[PDB]
Structure formats: C-alpha cells, structure tokens
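Peer 1: Here is the sequence, then the experimental structure:
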Amino acid sequence: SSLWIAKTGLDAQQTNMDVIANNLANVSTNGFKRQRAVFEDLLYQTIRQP
Amino acid sequence: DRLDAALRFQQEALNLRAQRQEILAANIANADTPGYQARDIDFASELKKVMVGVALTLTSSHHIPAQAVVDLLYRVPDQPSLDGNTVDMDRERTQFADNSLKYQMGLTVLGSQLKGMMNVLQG
Amino acid sequence: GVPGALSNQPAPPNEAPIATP
Amino acid sequence: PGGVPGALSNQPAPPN
Amino acid sequence: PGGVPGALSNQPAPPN
Amino acid sequence: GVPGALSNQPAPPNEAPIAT
Amino acid sequence: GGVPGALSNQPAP
Amino acid sequence: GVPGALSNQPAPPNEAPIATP
Amino acid sequence: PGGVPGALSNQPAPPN
Amino acid sequence: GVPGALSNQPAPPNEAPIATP
Amino acid sequence: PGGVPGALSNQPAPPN
Amino acid sequence: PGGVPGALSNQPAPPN
Amino acid sequence: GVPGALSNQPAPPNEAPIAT
Amino acid sequence: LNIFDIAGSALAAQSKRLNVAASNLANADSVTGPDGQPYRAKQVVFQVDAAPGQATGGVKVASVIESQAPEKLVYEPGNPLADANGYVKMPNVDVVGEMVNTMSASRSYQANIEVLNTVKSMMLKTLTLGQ
Amino acid sequence: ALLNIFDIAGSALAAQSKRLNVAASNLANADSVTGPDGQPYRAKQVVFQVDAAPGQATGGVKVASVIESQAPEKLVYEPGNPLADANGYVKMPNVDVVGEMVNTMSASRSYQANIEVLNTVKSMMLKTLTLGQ
Amino acid sequence: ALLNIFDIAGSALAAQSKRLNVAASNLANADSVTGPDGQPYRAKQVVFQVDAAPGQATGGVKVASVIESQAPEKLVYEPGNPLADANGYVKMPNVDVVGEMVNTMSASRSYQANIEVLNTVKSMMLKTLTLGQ
Amino acid sequence: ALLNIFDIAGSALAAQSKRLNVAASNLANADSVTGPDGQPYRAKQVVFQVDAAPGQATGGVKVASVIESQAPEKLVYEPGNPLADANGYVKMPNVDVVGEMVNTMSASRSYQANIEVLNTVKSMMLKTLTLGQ
Amino acid sequence: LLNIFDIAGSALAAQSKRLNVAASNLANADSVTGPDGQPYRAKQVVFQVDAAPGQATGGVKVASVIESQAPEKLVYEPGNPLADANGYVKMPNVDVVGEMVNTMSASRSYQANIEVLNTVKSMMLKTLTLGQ
Amino acid sequence: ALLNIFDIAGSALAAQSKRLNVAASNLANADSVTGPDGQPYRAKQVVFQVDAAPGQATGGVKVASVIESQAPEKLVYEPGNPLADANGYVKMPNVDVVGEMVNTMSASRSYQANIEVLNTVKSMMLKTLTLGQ
Amino acid sequence: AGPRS
C-alpha cells in the first residue's frame, strides 16, 4: 500500500539526515572527503498497458 | 424412557455449552488477576463422556432416597506476560462468541425436535 | 504445541530476571 | 494466589 | 459462462 | 423496449471500454 | 470439495 | 383555505423569482 | 409533467 | 400541591422581570 | 393564548 | 435525613 | 462479611474529618 | 445463571481498581493526610473467587494495600513536617502507570459489560424453547 | 414444484458462504509474506456458475473452482528480511482491501436474502399442507 | 471446534496482536545498551505464514516464530563502558523508529478490519439459526 | 379526519416540521444582504397555538402564522453599498445563530416524541381489534 | 402485478436509479476525461408519472437520464493534451453537496416505499383470512 | 394513578431533571454581578429525600426544596461599582464550574439509567399481561 | 454489644 511507499520515503530522508550529520561532525577532521547520498526509485509496477 | 434417549444428545450438548460459556466468562472476568491460568474444556471429549447412576433402594416410605452430588484443560499461552496471566483477549472473545452461537443453535434444534413431537400429537 | 491448543499441563511460571543468576 | 494488579506487578523488580 | 464474482469483474478491465 | 416489460429476444452483451 | 465453507468446522483441527 | 383540508380547485403554481420582476 | 428531481430543481435559477 | 399532582385551580402566570420596580 | 414558540418568547424583555 | 446531592456533599468540609 | 452480602444491621455512618 | 455473579464481581473489582487509580492520581502532589503521615499509594489485590470447589470463577478484591515502594524525599526544612535532615515524604505515585491502569480498567469493564449483554440475550432466548 | 427451491437456495447459501470464506482468507493474509511452501500468498477468488445440468433450464449457483487473482504482486524493498529477491524485492500478496470488504458485505447480504427465500418457501409449504383442512 | 470464518478471523486478530506486541517491545528497547545478560538487544520480527489447512484455498494466518533481525548493530564510541569491545564501540539495537510506527499503524488497521469482518458475519450467523424455527 | 390522537399527533408533527423549516431558513440566510425587493432578510418565527374549537381545552397544535422578528436589524457601516442609507448603513438580519441551532435540535426531539406517540397509539389500536379473539 | 405492488416496485426502481446516478456523479467529481476524450458531464434522472392506464395517479417511471446543462468548470493546464487553443481543460460540474443530499433523500424515500410495500403485503395477508 | 416502579422512576426522572436545571442555572450565571434587586446571584442546589410515604424507606427521590449556598460569596475589587460595599468589594457568585459540569453529567447518566429501568419494567408488565397466553 | 443480630 501507500504506507510502505511513504515509509521508504521516510527511511531515505533519515539516511540522508544521517549522511548530513556525519558530514557536519567531521568538519575539523584533516583530509576528509564529504559524503553525498543519491537515491533511486525501485521497480515500477505496470497494472494495465496503454 | 424413550423420550429421554431421543433428547439426551441435544440436552447434554446444551448443558456442556452452558458450562463452557461459564468457564469462558470466568476467564474473561479474571483477565487481570496476576498468576491466573486460562482454563477450558474439550467440548467433544466431554460430550462423549457424558453421552456414554445406581439410585439407592427404598424398602418403605420412611426410607430416604439416594441423594445426588468435567475436567478443565489449561490453555496454551500465546504471549508471555510479566504477571503470569495467560488469558488472551482475542482468542477467548472469539471462543465466547462461537459458544454463544452454538448455544443458540442447540436451542433451535432442541425446540424443533420438541415442536415436531408436539405436532405429531396435536389433533 | 500451537498457540491456542489444549494441554493437560499448566504453563511454567513467567519469570523475568533483571540480572543473570 | 494472585497478587496486586496493574502497575506494581508489571514493573521489573528483583525477586525476594 | 459465469466468471469471477465481485471485485475482479466489476472493475474496469484491460482492453484486450 | 419499455423497462420491466417482456421480450422474446435477449439483451445484447454490454461492454464498457476505456479507449475507443 | 477442495474449498471448505466459511460456516464449516475448522478444516484445520 | 385551512391547511390540511380538501379543496375542489388545484393549488396555484408556486414561484421563486430571484430579483423583483 | 416533471423534471430533474433533487438538487437541480431545488436550486435558484435565472428566469427563462 | 406537590409537583406532578392535580390541582383545582390554574397555576399563576409566569413572568421574569429584568429589573424589579 | 400563544406566541412565538422558541427564542423570541424565552428571553427577558422590558415590560409593555 | 438526606442533604444536598452532588457537589456540596462530596467535598472535604470543616467539622460542624 | 462479604462486601456485597446481606446483613440485618445497618452499616455504621461514615465521616471524613479534616484532622484527627 | 452463575455468569451474572461472575461478571458482576468482575465489574465491581474493576470499579474498585479504577477508584484506587483515581485516588492515586488525585493525591500525587499531596503532602500530608489528616495525621502527619504522607499519602502512601494504594493498590488493590485481585484474587480468584470460587466459593465452591470448581477451581475457577470470578475475580474478587481481597484487600487494598499501600505499595511498599520508597517515599520520595524533598528538601524542605522550613516545613514543620520535615524530619531531622529537613526532608519531607512525598508520595511515590506512578503517573503513567495510573493512567494506563485507568484505561485498562475501562476496557476490561466494557468487555465484561458486553459479556453480560450477550449472555442475558441467550438466557432470554432459552425461555422460548419449543414455544 | 416448490421443493426445488430448497435445493436452489441451499446451493446459493453454500456458494455465498464459500465466497465469503475465500474473501476473509484473502483479507486476513494481506500482510503475509510466506506460505507453507515458501511461496508468497496469492489472492484467491471463487468462480460462480449456474448449477444446471445439460438440459436444465434454471438452477441455483455453484462454485466451479478457486483461481488465483490476476494482479501484479506487491513489491516491497526490504533487502534485510531473510525472505527476499535477487534485488531485495519482497513479494507481498495483491489483496485489494476495499474489494475484499465490499465482497464480504455483498456475500452477507446475498446470504440473508437466500435465507428469507427459504423461510417464506417453508411457510408456503406448510400452508399448502393445510390445503383443504 | 471453531467455525471456519471464526477461526480465520480470530487467527488474524491474534497474529496482528503478536505483531503489535513485537513493535511495542522494539519501541520500548530503542535505547537499551544491555539485555538480560550483557548482549545488545536485537530488533525482533514476526513472520506471517498462511495456515496450509486441508482446504488450502481458505486458511488463516499463523506465526511460526519471532526471529531476531540481522542488521549492522549501531556502534557508539563509548570506551569507558564495560561493554565496549577492544576498539571501544558499544552496541546499540538496530531498531528503526519510522518502521515501527508504520508497523503499529498497519497492525492496528488490519486488526480493525478483521474485527469488522467478524461483526459483519455475526448477524448472518445469528439469522441462519432462524431457518429451522 | 385522522380519528383523534391521530389528528392531534399529525398536527403536532406538521407544526414542528414547519418550525424546523423556519429555523433552517433562518440559519441558511444569516448572512444575506438583500432580497428580491432589496429589503433585508428578517428572521421568521412560527406562532404555535392549540386547536380545540368543538368545546375542548386540548386539541393539539397548529401554526397560526409566520411573523418577522421586530428585534432591531444589525447595522453595518458600508458607504459603497447601493443598499446603504443616507448615513451609509446597511441593514443585516437579526438572526440568533445559537437560538436557531437550539430550535433545530428541540424541534427534532419533540418531532421524534410525537412519532413515538403516534406509533404507540397505532399499536394499541391494532391490539384493540383483537378484543375477545 | 398488483397495483400498490406495481406502484411500490416502480418507485423502488426509480429511487434506486437516482441513487446510482448520484453515486456515479460523486465518483466522477474529479474525473478529467472519458473513453472518447470528452469531459464527463454529470447525469441526472427524469421522473415521470407511470399512470398510463390509471388516470392521474400511479407509480413513478424514470423517463430518461440527461446530462446536466450547468456550465463545465475550466482549469488552466496548457500542457494537458485535452486543453483547447485557450489552454482550458473542461472538468465536470458535479455539485458535491447536491449529490450527497440526493443520496440521503433517495435512501429515505427507498426505505419509506419498502415500509409501504410491507404494510400493504401484510394487509393482503390478513385479507386472505376473511370470514374466518 | 402511577403504579409502583412507574411512580418510582417518574419521581427519579423529575428530580434528576430538576438537578440538571439547577446545575445549568448555576453554570449559566457563574459570572452575573447582580440580581434584579441588587443582591448577588448565590449558587443554588437541590435537596434530595426519599419519598418514603410514611412507612417504607423504599421510594423514589423527591426534591424537598432548592437551597441557596451560604458559602461566602467571592469578593472582587471595584470601588466604582455602585454595588460595592464601604470597603469597595463587589460580591460575585461562588459557583464551582467543574462541580457544575460533573453534576450535569451525573444527572444526565442517572436520568438515562432510570429511563432504562422504566422501559424494562414496562416491557416486563406488558409481557405479564399475556400470562397463560 | 457491637453489631449483634
């Protein structure tokens, strides 16, 4: 249903939040490369063809 | 009496349904007692046992006639509570509704049998 | 066996200790 | 012999 | 020829 | 035909297409 | 037959 | 014309005009 | 005779 | 008489004055 | 013998 | 015998 | 006796004093 | 017919538990009673009431006990109720526990009500038997 | 020929009970992930046919067979659950909850209608038995 | 024992109750450092299987066992804790917050749907028994 | 006409329906600025009185007339409005919203009471016909 | 067949038709296209007296189902394929409140007619035992 | 005349209605500053007694009288108020709003309970009327 | 005598 779709959305933004928190915690670290999170949508479901 | 033999099965089923109904309602009432085990009876086996005694002999009028005077199985717990109470709401609520339905069905069948025996006689 | 069956034995007491004995 | 219901018997306490 | 009763045969089916 | 009346010929199979 | 009715006793007893 | 009674003549047609005329 | 029953008739309309 | 009983005379008129004379 | 049955007869009013 | 029912008889009052 | 049984003698009056 | 007694006992017991929970909530911030002692939180004791020998039955409230949980101590030396160290005993009421007790007692109360309604209907219908 | 109504309405009652049971089974397993064989639960539906042998004008209704519902399996991205796909696509049943609830309501209503038919038919049979008396 | 619909819907209620209990236990232990002994709490999962049943087409839901999740345990650098390893990372449970709230909502709505199914069936059940009398 | 109690309760039902209609009309037009004649909407009220002409004190209820309220209309300052007077004031309805809501609820309750009265009177008259079998 | 039975059955059919029209309209409050690409125009039933051989009083028959003539709503979506030269897509003129009230009133009329039919059937059942 | 339980429940309904009316009056004028004669509005209460007749402490409730609370009236400071005393204090009602709300709820539920009792007794005696069929 | 009966 839509519940899990939106739950996957919430899980992605939390992941992104964790990535940003890690990047901000390592501001003063010497020789740190910033982490950038990219997202992809999973398989599309076809119910009836055009 | 032959009349008893015809109505023995339904009467015993009705009485067993009433007893199990009382047991289930006791399980519901004691849901909050810590350490209470949920008890129940196996309807079919007890119905066999009841369906499958010796009135003392009275020699005269003064002689006093003989004076008259089920096994409970523990329910398997589903979730472990901390207070030791094994009564589950959903399971016994469904069993309670089912027992009510079966009691009504037994009443219907017994009433139909009695009504048939009556319309045989009416005339 | 199955949760909700009928057995002739009471379930063991439900103890939950806070520390390992 | 059931004991106290509700809050007291649903809190983790050491056995005595 | 009958068919599936209820939801399946009362929702707009695919063209072919 | 008037609805609720009686006719000797069956009604044609009805369809509800999505695209003409 | 293959399907027991809704108002039948637990096919799974 | 008492309400709820029976009269030989039919009731006049009612009208609800939004403006005046 | 009669017309559309319900919402459409019991709603004010321009005179015509 | 007691409330809800039957009397031989009407109850007096009911009036609520906003300001007493 | 009667009057307005509601708000307009159950509110205090100055006398006439 | 009885007294005020409800509010005035269900609050702690000084002895009198 | 039992909290909901029947006795022939009236229950003693209950009073709630502010201080004892 | 015993089911009326069983369910009525259940309703009475849950009412007693609810009243105890309400008393605990009312006096969570209470300082002293009619005497100089603090307010010790109350708890009912549920037992299985089987007047005959058939093991099970309804629930009965054997007693109302004061939880032996430790008393909260607040430092108030100007209060005449304070002890030698200037501490005052405030009750140990568990607010969340008592609210949960209120709601759970309410739900059990309704379940017993529904049981009583159903069995009353069945006992009314059994009088119709064959007539 | 009022006796045939007994057979017709009894068959209808049994078929509607089977349909309601299948709908409830689908609804209760909407959240299932695994079957007894490890396969995902497939939503099932009954097939209604006219219970008429060749040459019989009109009969009741009968359940021909139970068939898997035609709908895409609901894909869920959970590649942490022990059951998964090559890409972590857990397959969940294609149960449409609204459809199952409406099916349950419809089955109950049709069942009750058939019960009314049976009741009034029995009343008429008793009358008829009181024809001349 | 139970009627087939009663058994199916009651099994659904019990399964949803078990899932809700697992979700609540996970949400309670979200911040637990050590368990009964000294090992970290592991998020529990409940697996729904369809009761095979002789009918197969119709069957409720059973729960085989409660499994322990296999996910990277959260590591927090607290070398002073006695439970820290050689590197000093204490283990915190892998309980996700959003997933458990979604699970609680879904379990509640499945529970209520099965309750509605039972309530709908009941009236038909009680009305069946009037057929004979 | 309607026997006796039949006529009494029917008159009561019609009168309470008229009162509820007046209340609904007042509630709907609480913000009307004008009518077809350019006059402001004045709150309407029904007049209830008994109808016991053939030598009785009690005969039911009838609505003598519908009357517009004399409570001062609400003046709002709006000089650009075509309906504004010389001082620039526009007259607006004197509807009491809370009064009309309470009137709706009370009319519904007494209407229901009269429904219960008529139904009971019918029952009693139905049993009367079986006097002495 | 029987007059009052004919009347009540025709009226039940008419009210069911009105309820179905209202439900279909409520479903299509937000519909943007049909099969041919034309906007969905709201439907409304026409009631007419069925007293063809029964003078001026009889049952009610649904003469026709007609598209409402209220102007179609217009939404500015110039990227929509259905948008005209001015960029306005036509959306249905279904009034939600009117349809809800129509559903409720049709349900009440349906129940009233069912009660009427039941009372009439009971009256004939009692008529069947005249003089006995 | 009213017979037994009918009399008892009618008395209970009337007294609960009086209690609710007194509560509504107290809650409505909880902020009134003056009465018609310049005296403050003192909170009113009802006094319940047991009908009893002469020898039967088993009767309904009867409202002996409406008493006026003699608890000291609240004092507010307003030297400009004409009703202020020589010290400049205006008397204000001693209404406890929470108490009035709880009293309204209690009168409501007791009213409903006695209605149910009356209905049950009415049905019981209606069925008693057909003793011996 | 207490609550004797």
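Peer 2: Arrived safely, thanks for sending. Numbers count the residues shown, from 1 in each chain, chains lettered A, B, ... in the order given.
Peer 1: how about the residues of chain C near chain P?
Peer 2: Within chain C, the positions near chain P by CB under 8 Å from any CB of the partner chain are C:2, C:3, C:4, C:16, C:17, C:18, C:19, C:20. Placement of C-beta: from N, CA and C, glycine included.
Peer 1: hey, where'd the helices end up in chain C?
Peer 2: Counting by DSSP state H, chain C forms no helices at all.
Peer 1: residues touching residue N:38, list them.
Peer 2: Residues near residue N:38 by CB atoms under 8 Å, 6 or more residues apart in numbering or on different chains: N:30, N:31, N:32, N:71, N:88, N:89, N:90, N:91.
Peer 1: Can you classify the most centrally placed residue in chain N as helix, strand or coil?
Peer 2: The centroid of chain N falls nearest to residue N:17 when counting by CA atoms, centre = their mean (1.5 Å). Under DSSP: H, G, I helix; E, B strand; the rest coil, the three-state class of residue N:17 is helix.
Peer 1: that older thread, of the residues of chain C next to chain P, just say which sits nearest to residue B:72.
Peer 2: residue C:4 (16.1 Å; CB to CB).
Peer 1: Report the central residue of chain B.
Peer 2: residue B:16 (1.6 Å).
Peer 1: if I've got this straight, that one is in a helix?
Peer 2: Yes - under three-state DSSP, residue B:16 falls within a helix.
Peer 1: circling back: I'd assumed residue N:101 was in contact with the residue nearest to the centre of chain N.
Peer 2: Yes - using CB atoms under 8 Å, residue N:17 is in contact with residue N:101, at 6.7 Å.
Peer 1: Can you tell me how far the closest residue in space to residue A:14 that isn't next to it in sequence is from chain H?
Peer 2: Nearest residue to residue A:14, sequence neighbours excluded (CB to CB, 6 or more residues apart in numbering or on different chains): residue P:98, at 6.6 Å. Residue P:98 sits 56 Å away from chain H, going by CB to the nearest CB, to the nearest Å.
Peer 1: One more: residue C:12?
Peer 2: In terms of CB to the nearest CB, residue C:12 sits 79 Å off from chain H.
Peer 1: The residue in chain C sticking out farthest from the centre and residue B:82: what is the separation?
Peer 2: Ranked by distance from the centre of chain C (CA atoms, centre = their mean), the top residue is residue C:19, with 19.2 Å. Going from residue C:19 to residue B:82 by CB to CB, to the nearest Å gives 16 Å.
Peer 1: Equivalent analysis for residue A:44, please.
Peer 2: With CB to CB as the criterion, residue A:44 and residue B:82 are 47 Å apart.
Peer 1: the more surrounded of these two?
Peer 2: residue B:82 (14 against 6; other CB atoms under 10 Å in any protein chain shown).
Peer 1: doesn't the more buried one fall inside a helix?
Peer 2: No - with three-state DSSP as the criterion, residue B:82 is located in coil rather than a helix.
Peer 1: where's the closest residue to it other than its chain neighbours relative to residue B:34, distance?
Peer 2: Closest residue to residue B:82 apart from its sequence neighbours, by CB to CB, 6+ apart: residue D:10 at 5.4 Å. As for residue D:10, its distance to residue B:34 is 9 Å (criterion: CB to CB).
Peer 1: what touches both of those two?
Peer 2: Common neighbours of residue D:10 and residue B:34, using CB under 8 Å, 6+ apart, are residue B:83.
Peer 1: hang on, residue B:79 in a strand?
Peer 2: No - assessed by three-state DSSP, residue B:79 does not belong to a strand; its assignment is coil.
Peer 1: That one: what's it in contact with?
Peer 2: B:88, P:17, P:18, P:21.
Peer 1: With residue N:90 instead?
Peer 2: Residues near residue N:90 by CB under 8 Å, 6+ apart: N:29, N:30, N:31, N:38, N:71, N:72, N:73, N:74.
Peer 1: got the contacts of residue N:38 as a markdown table, with secondary structure and distance to residue B:117 columns?
Peer 2: Compiled in a markdown table, those are given as follows (DSSP: H, G, I helix; E, B strand; the rest coil; distance: CB to CB, whole Å):
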| residue | secondary structure | distance to residue B:117 |
| --- | --- | --- |
| N:30 | coil | 70 |
| N:31 | coil | 76 |
| N:32 | coil | 75 |
| N:71 | coil | 73 |
| N:88 | strand | 80 |
| N:89 | strand | 76 |
| N:90 | strand | 74 |
| N:91 | coil | 69 |
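Peer 1: Neighbours of residue 32, how many?
Peer 2: I'll assume chain A. 12.
Peer 1: Chain B, not that one
Peer 2: 24.
Peer 1: how about the nearest residue to it, chain neighbours excluded?
Peer 2: residue D:5 (4.6 Å).
Peer 1: What about the one you found? Give its phi and psi, please.
Peer 2: The phi and psi torsions at residue D:5 (degrees, to the nearest 10) take the values phi -90, psi 160.
Peer 1: ok, it - contacts?
Peer 2: For residue D:5, counting by CB under 8 Å, 6+ apart, the contacting residues are B:32, B:33, B:34, B:83, N:17, N:43, N:44, N:45, N:46.
Peer 1: Can you tell me how far the residue in chain N positioned nearest to chain S is from residue S:31?
Peer 2: Residue nearest to chain S within chain N (CB to the nearest CB): residue N:131, separated by 8.8 Å. Applying CB to CB, the value for residue N:131 to residue S:31 is 64 Å.
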